[PDB]
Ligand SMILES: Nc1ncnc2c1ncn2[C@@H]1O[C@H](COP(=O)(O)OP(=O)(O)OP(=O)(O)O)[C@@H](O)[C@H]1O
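Before any questions on how it binds or moves, here is one chain, the form deposited without ligand ATP, in structure tokens.
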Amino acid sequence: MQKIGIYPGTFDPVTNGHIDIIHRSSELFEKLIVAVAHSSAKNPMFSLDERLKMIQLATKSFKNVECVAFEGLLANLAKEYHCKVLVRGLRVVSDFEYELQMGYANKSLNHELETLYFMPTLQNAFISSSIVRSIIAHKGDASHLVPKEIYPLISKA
């Protein structure tokens, strides 16, 4: 169980919140796959190329963290990694009941697959990508909210 975790997300863009979850989750599992989704149905502010490059950039410090692009069924992806744990992050603005539903859905699709929830630090409990996207879209300063090594990446387009 503790061999491999998968942390799925749009990461549109990667926040301090997400980095906190990758730090805590990467410490508990021998390996963490960060799975960067297409979120086509979502019309993401950043392209997959930008989103993968920011999250690769922001995670270079964690030696056991691999970043892949994924356009598929999360349950299936875990199957092909022989992964028994989806990592998910909980914040003040979480649709908690929706998170549980997704946890139960993924386990019905893959009977080996459990979901484990982490918290960001208190400083980051009120960060969501949606906030970060508003501040960006409204030409505000988002530099407090995202890792400094990606702010260049994100501040142009």
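In case it trips you up, residue 1 is the first one in the sequence shown, and so on.
The following text describes the form deposited with ligand ATP bound, which does not appear among the structures shown.
Contact check at 4.5 Å (heavy atoms) against ligand ATP in the entry with it bound: none of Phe46, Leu52 and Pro147 pass.
A single residue from the set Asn64, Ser61, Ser94, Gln56 has any heavy atom within 4.5 angstroms of ligand ATP in the entry with it bound; that residue is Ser94. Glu99 belongs to the set of residues with a heavy atom inside 4.5 Å of ligand ATP in the entry with it bound.
Heavy atoms of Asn124 reach within 4.5 Å of ligand ATP in the entry with it bound, making it an interface residue.
Ligand ATP is not drawn, but in the entry with it bound it has a heavy atom within 4.5 Å of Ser129. Shown alone here, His111 lies farther than 4.5 Å from ligand ATP in the entry with it bound, counting heavy atoms only.
Residues are counted as partner-facing when one of their heavy atoms sits within 4.5 Å of ligand ATP in the entry with it bound; in 37 to 53 only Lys42 qualifies.
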